[PDB]
Every structure is written in C-alpha cells, then in structure tokens.
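Heads up, the thing below is written out as structure tokens.
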Amino acid sequence: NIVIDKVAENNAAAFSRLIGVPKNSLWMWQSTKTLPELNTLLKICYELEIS
DNA sequence: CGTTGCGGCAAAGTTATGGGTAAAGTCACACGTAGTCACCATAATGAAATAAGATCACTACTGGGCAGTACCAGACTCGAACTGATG
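FYI, the numbering for the first sequence is 258 to 308, going by UniProt numbering.
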C-alpha cells in the first residue's frame, strides 16, 4: 500500500509493467493473504533499491 | 799290749763328654733334567628345532536398505474474461 501510493500514484499497472509480473499476481499480493515469492520479493526490493 | 778286722779320708784310677787340630778319606767335574698324557667342568657358538603365531581358503548364518511408486490435498501464478472510471 505504501509503495503503490508513493511512486505509482495509487496504480498497479505501472508497477506491474515496471517489475514485469502480471497484474493478477500484483492484486493477489496487495489485496489477499498471498505471500510473494522470494525472487519476486527481492526483485521488487531491487526495483525500490532497498534491502 | 799286741794283733786283726772294720771304717773314714782323700788322692788316684777309670769312663764319659764336649772342644781343637792336622790328616786320611770322599766324591763330582767329566753336555744335560724337566717333560708328557689324562682328567672333567664351564663358556660358546652354530645348528636343530620349537610352539606358537599368521595368513589363505572355504562354508554357513544372519542383518538389512535403495531405486522407484503413489496419493492427498494446500498454495502461488496467471490465461481469459468482466466490469467500472475516464479524457
């Protein structure tokens, strides 16, 4: 919720295209109790350049 | 005393013993005495042998695991489509 509202101005399509993951997985991560894969987690972290 | 036998006294006589001195005997110098088996215990090896030890080979007995098979879901991911806000 923080990262989408920080640089993606509350949108998921830009974030999904930036990280390449389909938007369905983005919605699953951001809305339900679905834990993103570790590779996906730290790829998002690298996109944010934060540990 | 007058005579006769007996006994003491003190040289005198006879044996014995440890010394000295000339003189008849005595005997080694003659190449020669050391020299040679017999003897049985102890060290001392070197060989004979060990008594056990070392390993091979076989026979039988008994633990016991690996490549592979199989199901029942839970959970994340995402084609494919639905549907609402918008410039």
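Ideal Cβ positions, reconstructed from N, Cα and C, are used throughout, including at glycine.
Using 10 angstroms around the beta-carbon of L299, count the other beta-carbons present and answer buried if the total reaches 16, otherwise exposed. exposed
Within its chain, find whatever has a CB closer than 7 Å to the CB of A265; leave out the 5 residues flanking it on each side and keep chain order. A271, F272
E304 lies in the alpha helix (DSSP H); which residues open and close that run? 295 to 305
Applying the 10 Å Cβ sphere with the 16-neighbour rule, what's the burial state of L292? exposed
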